[PDB]
Amino acid sequence: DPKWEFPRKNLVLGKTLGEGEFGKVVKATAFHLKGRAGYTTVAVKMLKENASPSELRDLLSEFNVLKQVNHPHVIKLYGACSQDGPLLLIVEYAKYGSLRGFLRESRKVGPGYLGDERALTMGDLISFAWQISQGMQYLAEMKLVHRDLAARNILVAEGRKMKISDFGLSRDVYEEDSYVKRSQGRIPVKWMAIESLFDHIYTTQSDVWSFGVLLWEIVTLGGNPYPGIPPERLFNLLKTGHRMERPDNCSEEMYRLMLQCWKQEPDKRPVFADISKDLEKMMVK
Amino acid sequence: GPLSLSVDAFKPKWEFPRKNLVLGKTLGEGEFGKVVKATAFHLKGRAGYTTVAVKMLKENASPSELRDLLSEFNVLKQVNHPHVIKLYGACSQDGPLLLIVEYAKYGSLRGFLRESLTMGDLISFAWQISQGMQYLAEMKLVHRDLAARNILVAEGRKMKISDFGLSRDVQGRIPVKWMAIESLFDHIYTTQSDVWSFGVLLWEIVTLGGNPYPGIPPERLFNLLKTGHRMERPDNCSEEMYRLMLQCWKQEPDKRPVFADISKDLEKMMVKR
Ligand SMILES: CO[C@]1(C(=O)N[C@@H](C)c2ccc(-n3cc(F)cn3)nc2)CC[C@H](c2nc(C)cc(Nc3cc(C)[nH]n3)n2)CC1
Ligand SMILES: CO[C@]1(C(=O)N[C@@H](C)c2ccc(-n3cc(F)cn3)nc2)CC[C@H](c2nc(C)cc(Nc3cc(C)[nH]n3)n2)CC1
């Protein structure tokens, strides 16, 4: 595609920001990038030499999705180097890294959580959730289930701006408002809705479940969900009716919103436009 | 679904009591799971403590990971061969799912070779793997993920085939650089695609844990293999051995050798030394 193909000579790759088993994200710089003069700091998502067909299909799918979606709280695609070399995916540089990493740092790093850029209040945590909810509102409007919504997969940009990232597992759902796969999914079990885990059904309403898990991560400052519980235990735990308890540092109003997101029946959960309104009513109060 | 049924089913011959397992140091770990050394008291009617390896999931494990671990348990109950990694059992009643397997002291074959052995030792390793694969092929088991990282090196340098989480009897998460051409283009996995992968494993042995297709990205390999290209003859490799690699990488699966032929070729190399 000529609108997205970037000259490889103009990209210069730097240090590794982080790494999986099959791929990595490196800090980079790009010369003469989409009208800009000079160099621009960017992130490059790419595969390792041990890459599977599924990892390659997912990186290709992330590229496809990112060409079609533009939102202030969705990570911005600049382009790709995809001829005479490996597939390099050029995306916006979010300076604070993951939301999980950012929030876990605020425990350790002063001024820290307080109930400018390192001082956090409950007001700021609600704001972060609201930004992500606004991005998911838009992504649900585009007929697009993210599936892997979690605090490790949100990035934190300049001005503490939330950027939904890691679109490799996201699927189109124009067909039937649902994505169903026969085989087992690669979403971590502790972020999955009950119908996704048991029945393999992924909708906007299972992204609402996952968002509920993200809310819990946000208020506990990057907590590990279902702490100490093996992931195989989630099948029986969720079926019988159990959900994560109210974390210390969380209002009744916020916990009701979490419990709403984790209703067994997906029609009884709130849509992303309602979630945005709840968080607005929390903010103003 | 399939996994909720398996998990529930999974929760006597293979149930090891948790109180007799003492987990030791971590041997290594991926994103979603780890392998730890342990001591097992009264393991399968054996006196005292037996050193074992324990595979457990990490707490961000997916359904895919959990299925693979249960699938490995399912496969390893049906197989017993000196060059396949032995299952002793599982802890399923007391906390997380622990899979208890044979302990091989030197780690992965890839890691063993990268530390480094004569050409006779290298040919002996390829033969052992080929023997275990001849056994697996006879048991109707396609391994799928044959590679030097998925072979373990036990005491006396005995090769153990391992990592049975992706094996199937009779989308894709096997790395592109080890997959057969019909696997790449048609998603077909047979004994003859294990042969292809063994050929890549054979290349890894003679290079002392080399990275296959070095400086070619996996995305470009599809069209290089389709057109006819293969890896050239590596250094410290005979004409006889390279010919055996090239035949494992024939496009048509019928033209590739079976594992009896491979073993027979390797038996004929060692007797001529
Ligand atoms: C959560 O993401 C990180 C990580 O460790 N990811 C692992 C788990 C990971 C797994 C698979 C693959 N794959 C990449 C592929 F192409 C395929 N898989 N890459 C990485 C940790 C945070 C890191 C980062 N740190 C800082 C300080 C800034 C920053 N800015 C960014 C990052 C981006 C994309 N834009 N701007 N990113 C990015 C990588
Ligand atoms: C290739 O295997 C190692 C590794 O780092 N693997 C990573 C990449 C990895 C990924 C996923 C999971 N998962 C485990 C799960 F349950 C799910 N995923 N575990 C580990 C490196 C070698 C290490 C080892 N070192 C030594 C010195 C000895 C040794 N002996 C053994 C090992 C066994 C099984 N029996 N005896 N093993 C075992 C782990």
Side-chain angles (χ1 to χ4, degrees), chain A residues 19-23 46-60 81-88 100 147-148 150 152 169 180-192 194-201 224-236 238-239, chain B residues 1-8 10-11 29-33 56-71 91-92 94-98 110 144-145 147 149 166 171-179 183-185 187 210-222:
Chain A
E19 208 178 345
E21 296 223 75
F22 299 81
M46 58 172 146
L47 301 177
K48 296 170 154 189
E49 302 303 297
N50 63 64
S52 57
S54 68
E55 293 286 323
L56 190 49
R57 180 185 129 109
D58 286 348
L59 196 68
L60 287 179
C81 308
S82 74
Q83 273 105 49
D84 295 42
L87 179 60
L88 302 179
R100 190 172 183 286
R147 297 169 64 234
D148 206 12
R152 68 183 185 278
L169 297 163
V180 173
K181 211 174 205 290
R182 191 181 281 276
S183 57
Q184 303 301 329
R186 294 166 295 163
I187 314 311
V189 172
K190 291 174 181 206
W191 282 258
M192 290 173 65
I194 193 170
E195 78 277 5
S196 309
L197 192 50
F198 279 91
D199 298 359
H200 296 221
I201 300 172
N224 294 319
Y226 305 93
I229 292 161
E232 66 272 22
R233 297 232 270 93
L234 271 287
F235 285 96
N236 198 75
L238 298 178
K239 194 175 81 207
Chain B
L3 191 50
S4 64
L5 294 175
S6 292
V7 169
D8 185 40
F10 184 83
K11 296 170 178 268
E29 54 178 290
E31 283 185 280
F32 309 123
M56 65 199 73
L57 300 173
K58 281 194 258 184
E59 277 186 13
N60 324 129
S62 61
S64 205
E65 259 73 61
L66 182 48
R67 191 221 70 86
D68 288 4
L69 195 60
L70 293 166
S71 197
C91 302
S92 75
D94 292 82
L97 166 58
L98 306 184
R110 168 167 206 286
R144 296 185 53 236
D145 206 358
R149 74 190 167 273
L166 300 173
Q171 55 145 289
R173 273 195 293 102
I174 302 136
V176 164
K177 295 187 174 196
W178 282 257
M179 286 171 57
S183 313
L184 291 166
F185 285 93
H187 311 259
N211 299 342
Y213 309 94
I216 297 160
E219 48 266 71
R220 290 219 321 98
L221 189 69
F222 288 88

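Throughout, a chain's letter reflects where its sequence line sits, starting with A, and its residues are numbered from 1. The basis for the numbers below is simple: all heavy atoms, side chains too, and nothing from hydrogens, waters or symmetry mates.
The candidate with the highest count of non-hydrogen atom pairs below 4.5 Å against chain B, out of A:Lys181, A:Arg57, A:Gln184, is A:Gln184. With chain A as partner, the option from B:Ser183, B:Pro212, B:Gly215, B:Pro175 having the largest number of non-hydrogen pairs under 4.5 angstrom is B:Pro175. Counting heavy-atom pairs closer than 4.5 Å to chain A, the top-ranked of the candidates B:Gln171, B:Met179, B:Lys11 is B:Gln171. The greatest number of non-hydrogen atom pairs below 4.5 Å with chain B, out of A:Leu47, A:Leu197, A:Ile229, is found for A:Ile229. Between chain A and the options B:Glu59, B:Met56, B:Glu219, the largest number of non-hydrogen pairs under 4.5 Å is found for B:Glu59.
For B:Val7, the part sitting under 4.5 Å from any heavy atom of chain A is the side chain, from C-beta outward, and nothing else. Proximity to chain A (any heavy atom under 4.5 Å) is restricted, for B:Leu66, to the side chain, taken from C-beta onward. With a 4.5 angstrom heavy-atom cutoff, B:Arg173 touches chain A via backbone and side-chain atoms both. When heavy atoms are compared at a cutoff of 4.5 Å, B:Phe222 approaches chain A solely by way of its side chain, counted from C-beta outward. Proximity to chain A is absent for every atom of B:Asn211, based on heavy atoms less than 4.5 angstrom apart. Residue contact with chain B, scored on non-hydrogen atoms closer than 4.5 Å, is absent for A:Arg152. Contact of A:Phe198 with chain B is made through backbone and side chain together, with heavy-atom distances under 4.5 Å.
In this structure, A:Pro53 and B:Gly172 approach most closely via the heavy-atom pair CD-O, 3.5 Å. Closest approach of A:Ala51 to B:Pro218, counting heavy atoms only: CB-CG, 3.8 Å. In terms of heavy-atom proximity, A:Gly185 sits nearest to B:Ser62 at O-CB, 3.8 Å.
Taking CZ of B:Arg220 as the start and CG of A:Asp84 as the end, the distance is 7.5 Å to the nearest 0.5 Å. Interatomic distance, OG of B:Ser4 versus NE2 of A:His200, reported as 7.5 Å (0.5 Å rounding). Rounding to the nearest 0.5 Å places OG of A:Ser183 at 12.0 Å from CG of B:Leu3.
The salt bridge (charged side-chain N to carboxylate O under 4.0 Å, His left out) test applied to A:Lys239 returns no partner, not counting sequence neighbours. Partners of B:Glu31 by salt bridge (charged side-chain N to carboxylate O under 4.0 Å, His left out), not counting sequence neighbours: none found.
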